[PDB]
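File shown: query-v3.txt (compact mmCIF, C-alpha atoms).
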# COMPACT_ATOMS: atom_id res chain seq x y z
CA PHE A 1 0.00 0.00 0.00
CA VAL A 2 3.11 2.20 0.14
CA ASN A 3 4.04 2.30 -3.57
CA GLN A 4 1.78 5.20 -4.52
CA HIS A 5 1.58 8.95 -4.10
CA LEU A 6 0.85 9.56 -0.40
CA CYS A 7 -0.11 13.12 0.50
CA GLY A 8 -1.45 14.85 3.57
CA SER A 9 -2.99 12.67 6.24
CA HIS A 10 -2.55 9.59 4.02
CA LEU A 11 1.24 9.89 4.26
CA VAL A 12 1.10 10.33 8.03
CA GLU A 13 -1.18 7.29 8.26
CA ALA A 14 1.32 5.31 6.19
CA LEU A 15 4.17 6.25 8.54
CA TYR A 16 2.03 5.28 11.54
CA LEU A 17 1.36 1.81 10.11
CA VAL A 18 4.88 1.15 8.83
CA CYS A 19 6.81 2.47 11.83
CA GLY A 20 4.58 1.09 14.59
CA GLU A 21 6.15 1.14 18.04
CA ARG A 22 9.29 2.76 16.61
CA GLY A 23 7.38 5.99 16.08
CA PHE A 24 8.28 8.45 13.35
CA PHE A 25 8.98 12.09 12.62
CA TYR A 26 6.90 13.95 10.03
CA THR A 27 8.67 17.01 8.59
CA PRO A 28 6.87 18.43 5.54
CA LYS A 29 9.26 21.43 5.61
CA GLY B 1 11.99 15.95 2.58
CA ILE B 2 9.32 13.27 2.83
CA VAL B 3 6.71 15.21 0.83
CA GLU B 4 8.93 15.55 -2.23
CA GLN B 5 9.76 11.83 -2.21
CA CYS B 6 6.39 10.36 -1.22
CA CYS B 7 3.72 12.90 -2.25
CA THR B 8 5.03 14.68 -5.34
CA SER B 9 6.70 11.39 -6.40
CA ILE B 10 5.80 7.76 -5.75
CA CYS B 11 6.68 6.62 -2.22
CA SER B 12 8.56 3.46 -1.25
CA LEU B 13 8.86 1.34 1.88
CA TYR B 14 12.56 2.26 2.04
CA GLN B 15 11.72 5.97 2.01
CA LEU B 16 9.06 5.67 4.71
CA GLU B 17 11.36 3.73 7.02
CA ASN B 18 13.92 6.53 6.72
CA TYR B 19 11.63 8.50 9.04
CA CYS B 20 10.87 5.88 11.69
CA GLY B 21 12.33 6.29 15.17

Full structure transcribed into structure tokens:
Amino acid sequence: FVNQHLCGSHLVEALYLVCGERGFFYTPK
Amino acid sequence: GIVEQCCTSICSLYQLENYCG
């Protein structure tokens, strides 16, 4: 589900699912 | 950053994991 254009809340949702307990940092710049 | 690699271009699992903790 990660090999597409992921924008906005969809990208943040992807990071949440992929990273899990590791957490993540979201920096759109 | 992540937007240029995953939103304006097609994302990858490798790119997403670059931002995990």

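Residues within 8 Å of residue 7 (chain B), counting all atoms listed in the file and excluding same-chain residues fewer than 6 positions away, are residues 5, 6, 7 and 11 of chain A.
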
Checklist entry - CA of residue 6 (chain B) and CA of residue 22 (chain A) are how many Å apart? => result 19.6 Å

Checklist outcome for this item: CA of residue 4 (chain A) to CA of residue 21 (chain A) measures 23.3 Å

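With all atoms listed in the file as the atoms that count, the minimum distance from residue 9 (chain B) to the choices A:12, A:25, A:2, A:18 is reached by A:2.
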
List as CSV every residue of chain B that is in contact with chain A, defined as an atom at most 6 Å from one of its atoms (using only C-alpha atoms), together with the nearest atom pair and the distance in Å rounded to one decimal, sorted by chain and then rising number.
residue,atom,partner,partner_atom,distance
B:3,CA,A:28,CA,5.7
B:6,CA,A:6,CA,5.7
B:7,CA,A:7,CA,4.7
B:10,CA,A:5,CA,4.7
B:11,CA,A:3,CA,5.2
B:12,CA,A:3,CA,5.2
B:19,CA,A:24,CA,5.5
B:20,CA,A:24,CA,4.0
B:21,CA,A:22,CA,4.9

Return as JSON the centre and edge lengths, in Å with one decimal, of the box along x, y and z that encloses every atom of region 16-29 of chain A in the file, padded by 4 Å per side.
{"center_x": 5.3, "center_y": 11.3, "center_z": 11.8, "size_x": 15.9, "size_y": 28.3, "size_z": 20.5}

Save chain B of the structure in the block above to a file, with N, CA, C and O atoms included, as a PDB file, in the first residue's frame.
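part-v3.pdb, written as the output of this step:
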ATOM      1  N   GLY B   1      12.648  16.594   1.461  1.00  0.00           N
ATOM      2  CA  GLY B   1      11.986  15.955   2.584  1.00  0.00           C
ATOM      3  C   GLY B   1      11.018  14.864   2.168  1.00  0.00           C
ATOM      4  O   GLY B   1      11.012  14.442   1.013  1.00  0.00           O
ATOM      5  N   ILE B   2      10.186  14.413   3.111  1.00  0.00           N
ATOM      6  CA  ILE B   2       9.319  13.272   2.829  1.00  0.00           C
ATOM      7  C   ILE B   2       8.252  13.611   1.796  1.00  0.00           C
ATOM      8  O   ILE B   2       7.846  12.745   1.012  1.00  0.00           O
ATOM      9  N   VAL B   3       7.768  14.854   1.776  1.00  0.00           N
ATOM     10  CA  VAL B   3       6.711  15.209   0.833  1.00  0.00           C
ATOM     11  C   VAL B   3       7.205  15.104  -0.604  1.00  0.00           C
ATOM     12  O   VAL B   3       6.492  14.609  -1.486  1.00  0.00           O
ATOM     13  N   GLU B   4       8.426  15.568  -0.868  1.00  0.00           N
ATOM     14  CA  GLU B   4       8.933  15.553  -2.234  1.00  0.00           C
ATOM     15  C   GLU B   4       9.183  14.135  -2.726  1.00  0.00           C
ATOM     16  O   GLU B   4       9.128  13.880  -3.936  1.00  0.00           O
ATOM     17  N   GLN B   5       9.453  13.201  -1.819  1.00  0.00           N
ATOM     18  CA  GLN B   5       9.760  11.832  -2.211  1.00  0.00           C
ATOM     19  C   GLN B   5       8.549  10.914  -2.191  1.00  0.00           C
ATOM     20  O   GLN B   5       8.553   9.881  -2.872  1.00  0.00           O
ATOM     21  N   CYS B   6       7.523  11.249  -1.412  1.00  0.00           N
ATOM     22  CA  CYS B   6       6.390  10.359  -1.225  1.00  0.00           C
ATOM     23  C   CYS B   6       5.059  10.940  -1.652  1.00  0.00           C
ATOM     24  O   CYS B   6       4.116  10.171  -1.856  1.00  0.00           O
ATOM     25  N   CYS B   7       4.954  12.257  -1.800  1.00  0.00           N
ATOM     26  CA  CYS B   7       3.725  12.900  -2.245  1.00  0.00           C
ATOM     27  C   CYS B   7       3.822  13.438  -3.662  1.00  0.00           C
ATOM     28  O   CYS B   7       2.954  13.158  -4.492  1.00  0.00           O
ATOM     29  N   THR B   8       4.859  14.214  -3.969  1.00  0.00           N
ATOM     30  CA  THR B   8       5.027  14.680  -5.338  1.00  0.00           C
ATOM     31  C   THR B   8       5.654  13.622  -6.248  1.00  0.00           C
ATOM     32  O   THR B   8       5.602  13.770  -7.474  1.00  0.00           O
ATOM     33  N   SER B   9       6.243  12.574  -5.674  1.00  0.00           N
ATOM     34  CA  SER B   9       6.696  11.395  -6.402  1.00  0.00           C
ATOM     35  C   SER B   9       6.156  10.160  -5.695  1.00  0.00           C
ATOM     36  O   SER B   9       5.597  10.241  -4.598  1.00  0.00           O
ATOM     37  N   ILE B  10       6.327   8.999  -6.320  1.00  0.00           N
ATOM     38  CA  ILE B  10       5.799   7.764  -5.748  1.00  0.00           C
ATOM     39  C   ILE B  10       6.658   7.342  -4.563  1.00  0.00           C
ATOM     40  O   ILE B  10       7.891   7.335  -4.645  1.00  0.00           O
ATOM     41  N   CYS B  11       6.003   6.997  -3.456  1.00  0.00           N
ATOM     42  CA  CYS B  11       6.677   6.618  -2.224  1.00  0.00           C
ATOM     43  C   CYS B  11       7.253   5.203  -2.343  1.00  0.00           C
ATOM     44  O   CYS B  11       6.995   4.475  -3.305  1.00  0.00           O
ATOM     45  N   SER B  12       8.054   4.820  -1.350  1.00  0.00           N
ATOM     46  CA  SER B  12       8.562   3.458  -1.248  1.00  0.00           C
ATOM     47  C   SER B  12       8.677   3.084   0.221  1.00  0.00           C
ATOM     48  O   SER B  12       8.750   3.950   1.092  1.00  0.00           O
ATOM     49  N   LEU B  13       8.703   1.776   0.497  1.00  0.00           N
ATOM     50  CA  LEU B  13       8.862   1.343   1.881  1.00  0.00           C
ATOM     51  C   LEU B  13      10.203   1.799   2.445  1.00  0.00           C
ATOM     52  O   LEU B  13      10.292   2.193   3.614  1.00  0.00           O
ATOM     53  N   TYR B  14      11.252   1.774   1.615  1.00  0.00           N
ATOM     54  CA  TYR B  14      12.560   2.263   2.041  1.00  0.00           C
ATOM     55  C   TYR B  14      12.486   3.723   2.465  1.00  0.00           C
ATOM     56  O   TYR B  14      13.051   4.112   3.495  1.00  0.00           O
ATOM     57  N   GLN B  15      11.813   4.556   1.670  1.00  0.00           N
ATOM     58  CA  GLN B  15      11.720   5.972   2.007  1.00  0.00           C
ATOM     59  C   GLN B  15      10.949   6.190   3.303  1.00  0.00           C
ATOM     60  O   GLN B  15      11.359   6.999   4.142  1.00  0.00           O
ATOM     61  N   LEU B  16       9.835   5.480   3.493  1.00  0.00           N
ATOM     62  CA  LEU B  16       9.059   5.666   4.715  1.00  0.00           C
ATOM     63  C   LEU B  16       9.869   5.282   5.938  1.00  0.00           C
ATOM     64  O   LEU B  16       9.838   5.979   6.956  1.00  0.00           O
ATOM     65  N   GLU B  17      10.605   4.176   5.861  1.00  0.00           N
ATOM     66  CA  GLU B  17      11.365   3.729   7.018  1.00  0.00           C
ATOM     67  C   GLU B  17      12.518   4.663   7.341  1.00  0.00           C
ATOM     68  O   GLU B  17      13.059   4.597   8.449  1.00  0.00           O
ATOM     69  N   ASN B  18      12.903   5.534   6.405  1.00  0.00           N
ATOM     70  CA  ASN B  18      13.915   6.534   6.716  1.00  0.00           C
ATOM     71  C   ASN B  18      13.473   7.448   7.843  1.00  0.00           C
ATOM     72  O   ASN B  18      14.324   8.051   8.510  1.00  0.00           O
ATOM     73  N   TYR B  19      12.170   7.569   8.063  1.00  0.00           N
ATOM     74  CA  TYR B  19      11.629   8.499   9.041  1.00  0.00           C
ATOM     75  C   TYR B  19      11.106   7.833  10.305  1.00  0.00           C
ATOM     76  O   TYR B  19      10.569   8.528  11.170  1.00  0.00           O
ATOM     77  N   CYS B  20      11.251   6.518  10.444  1.00  0.00           N
ATOM     78  CA  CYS B  20      10.867   5.883  11.694  1.00  0.00           C
ATOM     79  C   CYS B  20      11.876   6.219  12.787  1.00  0.00           C
ATOM     80  O   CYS B  20      12.997   6.664  12.520  1.00  0.00           O
ATOM     81  N   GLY B  21      11.468   5.997  14.032  1.00  0.00           N
ATOM     82  CA  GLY B  21      12.326   6.286  15.169  1.00  0.00           C
ATOM     83  C   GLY B  21      13.183   5.110  15.608  1.00  0.00           C
ATOM     84  O   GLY B  21      12.965   3.971  15.189  1.00  0.00           O
TER      85      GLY B  21
END
